[PDB]
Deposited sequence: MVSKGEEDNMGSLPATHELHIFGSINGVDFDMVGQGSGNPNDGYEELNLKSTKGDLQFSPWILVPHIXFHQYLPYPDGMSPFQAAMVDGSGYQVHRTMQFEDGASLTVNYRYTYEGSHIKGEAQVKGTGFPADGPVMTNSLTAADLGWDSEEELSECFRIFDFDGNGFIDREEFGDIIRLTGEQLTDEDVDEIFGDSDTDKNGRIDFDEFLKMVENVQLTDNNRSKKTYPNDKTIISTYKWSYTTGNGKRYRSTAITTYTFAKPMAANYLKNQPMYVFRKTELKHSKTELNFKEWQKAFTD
């Protein structure tokens, strides 16, 4: 009958055939979408980047804009759900994370069974050289190429004239004054031109590239499939890209009655990690 306040996780399995096992406890705020979790290895030093466990490491904490998410609803009514998470990486590797949960009041006890295969032995996962994880495939380098296409006069800034052909990329029908408003809001230093730093922020604010799009489909009344593009930052700053497919199976049909803006942080040694997640208000 309760939304969650605390949780624990046992996450274990194998990566490239080598077993791992981690345990720990955390907490969160289901009204705001905040989570924090500590995990410790029980089998010695991790042999792979724990960033690949992100975002997998509790949607019972993650609300919708207008109220409870279906995941929260299924905890509150007791019926629950199970999760089959998959991630397909640009190098052919794959990761499966299967979740089950039990509830004791506002406490969630989670278990995630993991199987990762096909990671190159000398790549950033198996040598622990990832440094961040983010929704979407955009990089600053790819957005630089876009900026340069539309900077017609070549002066290093997007002016109001040049901005029209950029904002078209949303596909939305916008009046001249709709565009004026977006332009003004994007020109945060009020010099009449959009510089590259302002352009990066505009891309996120208007979802020019749909970088934060998270698509849900409902194959049947007990299933949600969430799918999205994902990336990790590597040691030379370049992106390591993947595709996520998460299938939720609910015990009871969901009640008859989009973009994701979350940040993650992971501090990690070989034996312990501290994870935090924040959802934009």
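- In this entry, the deposited residues absent from the coordinate set span 1-10, 68, 269-274, 299-301.
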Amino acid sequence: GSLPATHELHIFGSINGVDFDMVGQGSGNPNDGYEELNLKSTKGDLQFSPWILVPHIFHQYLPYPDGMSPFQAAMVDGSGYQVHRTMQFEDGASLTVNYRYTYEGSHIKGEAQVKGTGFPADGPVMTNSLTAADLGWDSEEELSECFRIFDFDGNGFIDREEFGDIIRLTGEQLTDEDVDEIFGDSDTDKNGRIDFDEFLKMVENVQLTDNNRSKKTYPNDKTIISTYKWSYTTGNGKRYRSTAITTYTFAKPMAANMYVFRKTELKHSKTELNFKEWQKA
From here on, numbers count along this sequence of modelled residues.
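- The mean C-alpha temperature factor is higher for 154-162 when 89-97 and 154-162 are set side by side.
- Between the stretches 167-175 and 140-148, it is 167-175 that shows the larger average CA temperature factor.
- Of the candidates 37, 68, 54, 244, the deposited coordinates give 68 the top C-alpha B factor.
- You'll see in the entry that, of 62, 46, 256, 224, the Cα B factor peaks at 256.
- Among all modelled residues in its chain, residue 231 ranks in the lowest third by Cα B-factor.
- Placement of the Cα temperature factor of residue 270 within the chain: middle third of the modelled residues, per the deposited record.
- Placement of the Cα temperature factor of residue 122 within the chain: middle third of the modelled residues, per the deposited record.
- Per the deposited record, the Cα B-factor of residue 33 falls in the middle third when ranked against the other modelled residues of its chain.
- Ranked against the other modelled residues of its chain, the C-alpha B-factor of residue 105 as given in the entry falls in the highest third.
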